[PDB]
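Right, one structure below, let's go through it.
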Amino acid sequence: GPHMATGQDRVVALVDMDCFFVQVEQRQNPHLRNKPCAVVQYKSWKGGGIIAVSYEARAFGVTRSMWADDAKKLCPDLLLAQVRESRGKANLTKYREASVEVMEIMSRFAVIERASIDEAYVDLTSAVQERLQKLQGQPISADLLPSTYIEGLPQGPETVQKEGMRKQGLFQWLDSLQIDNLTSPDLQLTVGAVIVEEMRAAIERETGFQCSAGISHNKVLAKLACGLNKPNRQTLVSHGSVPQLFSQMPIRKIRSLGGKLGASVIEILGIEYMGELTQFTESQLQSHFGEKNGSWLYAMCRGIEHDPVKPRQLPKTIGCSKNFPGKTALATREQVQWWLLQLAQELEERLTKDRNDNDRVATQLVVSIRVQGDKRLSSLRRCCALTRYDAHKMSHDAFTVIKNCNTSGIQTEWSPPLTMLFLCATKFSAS
DNA sequence: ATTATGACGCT
DNA sequence: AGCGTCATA
Ligand SMILES: [Mn+2]
Ligand SMILES: [Mn+2]
Ligand SMILES: [Mn+2]
C-alpha cells in the first residue's frame with residue numbers, strides 16, 4: 001500500500017464560463033440580462049441554430065443544437081441575440097475577444113492551458129505551496145470559500161435549503177482538515193479552492209462574466225467537478241470522494257469517453273459506471289482498448305490521471321469554415337471561388353491581428369471540403385504553403401489544391417456539389 | 001439543415 | 001501527411 005501512487009501530487013483547476021456567449025451578449029445588451037435568452041446563428045432556416053442558452057431558458061427545456069423556432073415553442077418569451085455575420089458567414093470574433101479577456105486574467109495567477117473558447121486548466125500546485133507558506137499553519141475559514149461545494153458532503157448522522165447544504169458540507173470538510181500538514185493533499189486542494197475563489201472574483205469584477213470551476217488533482221476530475229454545481233459555483237473533488245462519486249457515474253460523463261470508446265467500454269465489459277472499471281486488471285483493459293487507453297482507464301477509474309496542464313494560452317490553429325447545406329451546395333466554379341475568397345478574407349483579417357498581437361506567423365494552409373453524399377465531416381483535406389497573409393493568394397492557392405475534386409466534365413460546373421469549405425492556418429513560428 | 005470551430009491520436 | 005475521434009460555444 002505504501003508504494004501505490006495515489007495521483008495526489010498536483011492541484012489542478014478547470015474554470016469554465018457560465019453560458020458564455022449568452023453572457024457576452026448580456027453584457028453588451030442590458031435588456032437581455034436575467035432573462036430566458038439564447039444565442040443563435042443564422043435565421044432563415046427554422047429561426048436559426050441555438051449555440052448557447054441562459055439558465056433561465058434552460059428551465060423551459062431550451063438547449064443547444066435546437067432550432068430557434070422549436071425553442072420558441074417551449075419558451076415563447078425567449079430572447080435571442082444573433083451571431084455577427086460578415087462576408088456572408090457567421091463570425092465569432094466577439095466571443096474570441098471576450099475569451100482573451102478572461103484568459104489574460106487567469107494567466108495572472110498561473111500558466112494556463114486554453115481548452116476551449118470558454119475554459120482553461122490551471123496547475124495551482126506551486127501557487128498552493130506558496131500560499132501555504134504564507135498561511136503559517138492558520139486554518140482555512142469558511143469565509144474564504146463563499147461559493148465552494150465539497151463533493152460528497154455533508155454525510156452521516158432541520159435543513160432543506162440548498163445554500164444551507166453547501167455550508168454544512170463545507171463545515172464538515174474544514175472540520176476534518178489537518179492544516180498542520182503542508183503536504184496533505186486535502187489541505188492542498190482546499191488552498192487551491194481559496195485561490196480559485198480569488199480567480200473567479202477577479203474574472204467577474206473585471207469582465208462582468210460569471211463562471212464555475214472545479215478543483216481536484218488532475219484535469220479529468222477538475223472538469224467533472226466543474227459541472228457538478230454550475231452556474232456561478234465551484235466544486236472541490238477530493239481523492240477520497242472518488243469511490244462514491246464514480247460508483248454511480250455513467251462512463252460517458254468522463255472526458256474522452258463520451259463517444260465510441262466509451263460505448264465500447266460499456267459494451268465489451270458489460271458495465272455502466274466508472275467505478276466498475278476497478279475490477280479489471282491493467283492488462284485486461286489494455287487488451288480491449290489498447291496500451292494507452294487501457295493504462296489510462298486503469299488509473300482514471302481510481303481517480304488518477306497524469307495529463308499535464310499545457311502552457312498554452314493561445315490557439316495553435318486559426319480556421320474559417322462554412323457549410324453549404326441542402327440546395328445551397330456550391331455547384332459552380334465562380335461560386336466556389338467566391339466563398340473561398342470570403343473565407344480567405346476572414347482568415348487574413350484574423351491572421352494579421354494574430355501576428356501583431358502574438359509575435360508569430362502561420363506557415364501552412366490547410367484546405368478541407370465536404371462533398372454532397374459523404375457522411376464524414378470532412379471528405380478531403382489537403383495542405384499547401386502559407387507564405388503571405390494575402391486573401392486572394394490564399395483563396396487562389398486553396399482552389400488549386402481542390403481543383404481536381406471536381407468530377408465535372410465542363411470547366412464551370414462543380415460536381416459533385418460542395419457542402420463545406422474550410423480554411424485553416426497552422427504551423428506557427430515565432431516572428 | 002446544429003454550425004463553426006479546435007486539439008489530439010493513429011498509421 | 002491525411003484521416004478519425006472527441007470536444008465545446
Ligand atoms: Mn461554459
Ligand atoms: Mn466549456
Ligand atoms: Mn456547453
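Lettering and numbering for the C-alpha cells are positional, with chains as A, B, ... in the shown order, residues counted from 1 in each chain, and ligands counted from 1 in the shown order.
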Determine, for each residue of chain A having at least one atom at most 6 Å from an atom of chain B, the closest pair of atoms and their separation in Å to one decimal, counting only C-alpha atoms (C1' of nucleotides); order by chain and ascending number, as a Markdown table.
| residue | atom | partner | partner_atom | distance |
| --- | --- | --- | --- | --- |
| A:49 | CA | B:2 | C1' | 5.7 |
| A:65 | CA | B:2 | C1' | 4.6 |
| A:325 | CA | B:1 | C1' | 5.8 |
Print the selection's residues with N, CA and C atoms to a file, as a PDB file, in the first residue's frame.
ATOM      1  N   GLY A  49     -29.909  28.463 -35.566  1.00  0.00           N
ATOM      2  CA  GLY A  49     -29.491  27.364 -34.710  1.00  0.00           C
ATOM      3  C   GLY A  49     -28.957  27.887 -33.390  1.00  0.00           C
ATOM      4  N   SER A  65     -28.178  23.255 -30.024  1.00  0.00           N
ATOM      5  CA  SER A  65     -28.494  22.404 -31.185  1.00  0.00           C
ATOM      6  C   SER A  65     -29.954  22.518 -31.611  1.00  0.00           C
ATOM      7  N   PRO A 325     -25.496  23.626 -46.917  1.00  0.00           N
ATOM      8  CA  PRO A 325     -26.462  22.536 -46.744  1.00  0.00           C
ATOM      9  C   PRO A 325     -27.538  22.499 -47.821  1.00  0.00           C
TER      10      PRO A 325
END
Distance query residue 193 of chain A at most 8 Å, only C-alpha atoms (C1' of nucleotides), self and fewer than 2 positions along chain excluded, as an NGL selection string: :A and (145 or 148 or 189-191 or 195-197 or 215 or 234 or 236)
Contacts with ligand 2 at most 10 Å, only C-alpha atoms (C1' of nucleotides) and all ligand atoms counted, listed as a PyMOL selection string: (chain A and resi 14-20+115-120+211-212+223+226-227) or (chain C and resi 7-9)
Take the residues just selected and output them with C-alpha atoms (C1' of nucleotides) as a JSON list (two decimals), in the first residue's frame.
[["chain", "number", "residue", "atom", "x", "y", "z"],
["A", 14, "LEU", "CA", -10.73, 23.95, -14.53],
["A", 15, "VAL", "CA", -12.51, 27.26, -14.96],
["A", 16, "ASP", "CA", -15.43, 27.28, -17.38],
["A", 17, "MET", "CA", -17.61, 30.28, -18.18],
["A", 18, "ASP", "CA", -21.35, 30.05, -17.50],
["A", 19, "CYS", "CA", -23.47, 30.15, -20.68],
["A", 20, "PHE", "CA", -20.61, 32.06, -22.22],
["A", 115, "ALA", "CA", -9.01, 24.12, -23.51],
["A", 116, "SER", "CA", -11.85, 25.83, -25.39],
["A", 117, "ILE", "CA", -13.11, 29.30, -26.20],
["A", 118, "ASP", "CA", -14.57, 29.46, -22.67],
["A", 119, "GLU", "CA", -12.40, 27.34, -20.38],
["A", 120, "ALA", "CA", -8.89, 26.79, -19.18],
["A", 211, "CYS", "CA", -18.05, 31.21, -14.23],
["A", 212, "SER", "CA", -17.85, 27.90, -12.48],
["A", 223, "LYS", "CA", -13.53, 19.13, -15.45],
["A", 226, "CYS", "CA", -16.74, 21.97, -12.51],
["A", 227, "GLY", "CA", -20.05, 20.73, -13.89],
["C", 7, "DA", "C1'", -14.77, 18.03, -27.64],
["C", 8, "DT", "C1'", -17.08, 22.81, -26.85],
["C", 9, "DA", "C1'", -19.97, 27.82, -27.86]]
Check: which chain A residues lie within 10 Å of chain C using only C-alpha atoms (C1' of nucleotides), as a PyMOL selection string: chain A and resi 19-22+39+50-53+64+92+95+115-119+255-261+376+378-383
Requested write-out: N, CA, C and O atoms of the selected residues, as a CSV table (one decimal), in the first residue's frame:
chain,number,residue,atom,x,y,z
A,19,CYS,N,-22.7,29.8,-19.5
A,19,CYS,CA,-23.5,30.2,-20.7
A,19,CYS,C,-22.7,31.2,-21.5
A,19,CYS,O,-23.2,32.2,-21.7
A,20,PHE,N,-21.5,31.0,-21.9
A,20,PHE,CA,-20.6,32.1,-22.2
A,20,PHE,C,-21.0,33.0,-23.3
A,20,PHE,O,-21.0,34.2,-23.1
A,21,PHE,N,-21.5,32.6,-24.4
A,21,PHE,CA,-21.8,33.5,-25.5
A,21,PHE,C,-23.1,34.3,-25.0
A,21,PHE,O,-23.2,35.5,-25.4
A,22,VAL,N,-23.9,33.7,-24.2
A,22,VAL,CA,-25.1,34.5,-23.7
A,22,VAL,C,-24.6,35.6,-22.8
A,22,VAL,O,-25.1,36.7,-22.9
A,39,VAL,N,-28.3,32.4,-27.8
A,39,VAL,CA,-27.6,32.9,-28.9
A,39,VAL,C,-27.8,32.0,-30.1
A,39,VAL,O,-27.7,30.8,-29.9
A,50,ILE,N,-29.5,27.4,-32.3
A,50,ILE,CA,-29.1,27.8,-31.0
A,50,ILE,C,-27.8,27.2,-30.6
A,50,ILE,O,-27.6,26.0,-30.7
A,51,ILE,N,-26.8,28.1,-30.1
A,51,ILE,CA,-25.5,27.6,-29.7
A,51,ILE,C,-25.2,27.9,-28.3
A,51,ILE,O,-24.2,27.4,-27.7
A,52,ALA,N,-26.0,28.7,-27.6
A,52,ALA,CA,-25.8,28.9,-26.2
A,52,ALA,C,-27.2,29.4,-25.5
A,52,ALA,O,-28.0,30.0,-26.2
A,53,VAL,N,-27.4,29.0,-24.3
A,53,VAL,CA,-28.7,29.1,-23.6
A,53,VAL,C,-28.5,29.6,-22.2
A,53,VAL,O,-27.7,29.0,-21.4
A,64,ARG,N,-28.9,23.9,-26.5
A,64,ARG,CA,-28.0,24.0,-27.7
A,64,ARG,C,-28.4,23.0,-28.7
A,64,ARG,O,-29.0,21.9,-28.4
A,92,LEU,N,-17.2,34.7,-35.4
A,92,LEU,CA,-17.2,34.6,-33.9
A,92,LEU,C,-16.2,35.5,-33.2
A,92,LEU,O,-15.9,35.2,-32.0
A,95,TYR,N,-16.7,36.7,-29.5
A,95,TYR,CA,-16.6,35.7,-28.5
A,95,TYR,C,-15.1,35.3,-28.3
A,95,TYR,O,-14.7,35.1,-27.2
A,115,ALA,N,-8.4,25.4,-23.1
A,115,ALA,CA,-9.0,24.1,-23.5
A,115,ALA,C,-10.2,24.3,-24.5
A,115,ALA,O,-10.6,23.3,-25.1
A,116,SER,N,-10.8,25.5,-24.5
A,116,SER,CA,-11.9,25.8,-25.4
A,116,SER,C,-12.0,27.3,-25.4
A,116,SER,O,-11.2,28.0,-24.7
A,117,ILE,N,-12.9,27.9,-26.2
A,117,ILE,CA,-13.1,29.3,-26.2
A,117,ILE,C,-13.5,29.8,-24.8
A,117,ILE,O,-13.4,31.0,-24.5
A,118,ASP,N,-14.1,29.0,-23.9
A,118,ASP,CA,-14.6,29.5,-22.7
A,118,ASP,C,-14.0,28.8,-21.4
A,118,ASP,O,-14.6,28.9,-20.3
A,119,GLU,N,-12.9,28.0,-21.6
A,119,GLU,CA,-12.4,27.3,-20.4
A,119,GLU,C,-10.9,27.1,-20.5
A,119,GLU,O,-10.3,27.0,-21.5
A,255,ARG,N,-14.5,12.9,-19.5
A,255,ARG,CA,-14.0,13.5,-20.8
A,255,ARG,C,-13.1,12.5,-21.5
A,255,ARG,O,-12.2,12.0,-21.0
A,256,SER,N,-13.4,12.4,-22.8
A,256,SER,CA,-12.9,11.4,-23.8
A,256,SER,C,-13.7,10.2,-23.9
A,256,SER,O,-13.4,9.4,-24.8
A,257,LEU,N,-14.6,9.9,-23.0
A,257,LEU,CA,-15.4,8.7,-23.0
A,257,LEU,C,-16.8,8.8,-23.5
A,257,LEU,O,-17.6,7.9,-23.5
A,258,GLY,N,-17.1,10.0,-24.0
A,258,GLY,CA,-18.5,10.3,-24.5
A,258,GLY,C,-18.8,9.8,-25.8
A,258,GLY,O,-20.0,10.0,-26.3
A,259,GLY,N,-17.9,9.2,-26.5
A,259,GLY,CA,-18.1,8.7,-27.9
A,259,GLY,C,-17.9,7.2,-28.0
A,259,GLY,O,-18.3,6.4,-27.1
A,260,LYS,N,-17.3,6.8,-29.1
A,260,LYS,CA,-17.3,5.4,-29.5
A,260,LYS,C,-16.5,4.5,-28.5
A,260,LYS,O,-16.9,3.4,-28.2
A,261,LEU,N,-15.4,5.1,-27.9
A,261,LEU,CA,-14.6,4.3,-27.0
A,261,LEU,C,-15.4,4.0,-25.7
A,261,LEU,O,-15.4,2.9,-25.2
A,376,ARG,N,-19.0,11.7,-43.8
A,376,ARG,CA,-18.0,12.2,-43.0
A,376,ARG,C,-18.0,13.7,-42.9
A,376,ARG,O,-18.5,14.4,-43.9
A,378,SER,N,-15.5,15.7,-42.9
A,378,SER,CA,-14.6,16.1,-44.0
A,378,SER,C,-14.5,15.0,-45.0
A,378,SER,O,-14.4,13.8,-44.7
A,379,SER,N,-14.5,15.4,-46.3
A,379,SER,CA,-14.3,14.5,-47.4
A,379,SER,C,-12.9,14.4,-47.9
A,379,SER,O,-12.4,13.4,-48.3
A,380,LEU,N,-12.2,15.6,-47.8
A,380,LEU,CA,-10.9,15.7,-48.3
A,380,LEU,C,-10.1,16.9,-47.7
A,380,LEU,O,-10.6,17.9,-47.5
A,381,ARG,N,-8.9,16.6,-47.3
A,381,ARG,CA,-8.1,17.5,-46.6
A,381,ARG,C,-6.7,17.6,-47.2
A,381,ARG,O,-5.9,16.6,-47.2
A,382,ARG,N,-6.3,18.8,-47.7
A,382,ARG,CA,-5.0,19.0,-48.3
A,382,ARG,C,-4.3,20.2,-47.8
A,382,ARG,O,-4.9,21.2,-47.5
A,383,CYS,N,-3.0,20.2,-47.7
A,383,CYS,CA,-2.2,21.3,-47.2
A,383,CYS,C,-1.4,21.9,-48.4
A,383,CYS,O,-1.1,21.2,-49.3
Residue set, segment 10-85 of chain A restricted to alpha helix (DSSP H), as number ranges by chain: A: 20-28, 55-58, 68-74
Can those selected residues be exported to a file as a PDB file, in the first residue's frame so that it contains C-alpha atoms?
ATOM      1  CA  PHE A  20     -20.606  32.061 -22.218  1.00  0.00           C
ATOM      2  CA  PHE A  21     -21.835  33.506 -25.487  1.00  0.00           C
ATOM      3  CA  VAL A  22     -25.109  34.463 -23.733  1.00  0.00           C
ATOM      4  CA  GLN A  23     -23.198  36.390 -21.056  1.00  0.00           C
ATOM      5  CA  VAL A  24     -21.148  38.145 -23.734  1.00  0.00           C
ATOM      6  CA  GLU A  25     -24.385  39.310 -25.345  1.00  0.00           C
ATOM      7  CA  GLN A  26     -25.964  40.162 -21.962  1.00  0.00           C
ATOM      8  CA  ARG A  27     -23.034  42.384 -21.008  1.00  0.00           C
ATOM      9  CA  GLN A  28     -23.472  44.270 -24.302  1.00  0.00           C
ATOM     10  CA  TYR A  55     -30.056  29.150 -17.263  1.00  0.00           C
ATOM     11  CA  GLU A  56     -33.475  30.831 -17.168  1.00  0.00           C
ATOM     12  CA  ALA A  57     -34.150  29.474 -20.664  1.00  0.00           C
ATOM     13  CA  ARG A  58     -32.834  26.006 -19.768  1.00  0.00           C
ATOM     14  CA  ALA A  68     -34.927  28.741 -32.539  1.00  0.00           C
ATOM     15  CA  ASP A  69     -38.403  28.115 -33.963  1.00  0.00           C
ATOM     16  CA  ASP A  70     -38.644  24.973 -31.828  1.00  0.00           C
ATOM     17  CA  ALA A  71     -37.180  26.677 -28.769  1.00  0.00           C
ATOM     18  CA  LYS A  72     -39.864  29.362 -29.115  1.00  0.00           C
ATOM     19  CA  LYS A  73     -42.461  26.597 -28.814  1.00  0.00           C
ATOM     20  CA  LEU A  74     -41.075  25.724 -25.359  1.00  0.00           C
TER      21      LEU A  74
END
Among listed residues A:429, A:1, A:405, A:230, nearest ligand 3 (using only C-alpha atoms and all ligand atoms): A:230
Contact residues around residue 430 of chain A with only C-alpha atoms (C1' of nucleotides) at 10 Å, ignoring same-chain residues under 2 positions, as a list in words: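 My list of contacting residues is residues 355, 358, 359, 360, 361, 362 and 428 of chain A.
Closest approach to ligand 3 among A:377, A:98, A:346, A:231 is made by A:231 (distances from only C-alpha atoms and all ligand atoms).
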Residues flagged strand (DSSP E or B) by DSSP in segment 112-175 of chain A, as an NGL selection string: :A and (112-116 or 119-123 or 148-150)
Which of A:12, A:289, A:63, A:166 sits closest to ligand 3 [using only C-alpha atoms and all ligand atoms]: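 Of A:12, A:289, A:63, A:166, the one nearest ligand 3, counting only C-alpha atoms and all ligand atoms, is A:63.
Within 7 Å of residue 13 of chain A, once only C-alpha atoms (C1' of nucleotides) are used and residues closer than 3 positions along the same chain are dropped, the contacting residues are residues 121, 122, 123, 213, 214, 215, 216 and 222 of chain A.
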Keeping C-alpha atoms for every residue in the selection just given, could you write it to a file as a tab-separated table (two decimals), in the first residue's frame?
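Written file, out_29.tsv:
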chain	number	residue	atom	x	y	z
A	121	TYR	CA	-7.00	24.44	-16.90
A	122	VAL	CA	-4.66	25.78	-14.24
A	123	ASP	CA	-1.91	23.88	-12.43
A	213	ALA	CA	-14.83	25.84	-11.58
A	214	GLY	CA	-13.62	22.55	-10.37
A	215	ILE	CA	-10.66	21.81	-8.18
A	216	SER	CA	-9.02	18.41	-7.98
A	222	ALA	CA	-11.35	19.07	-12.33
Atom CA of residue 207 of chain A to atom CA of residue 35 of chain A, distance in Å rounded to a single decimal: 19.4 Å
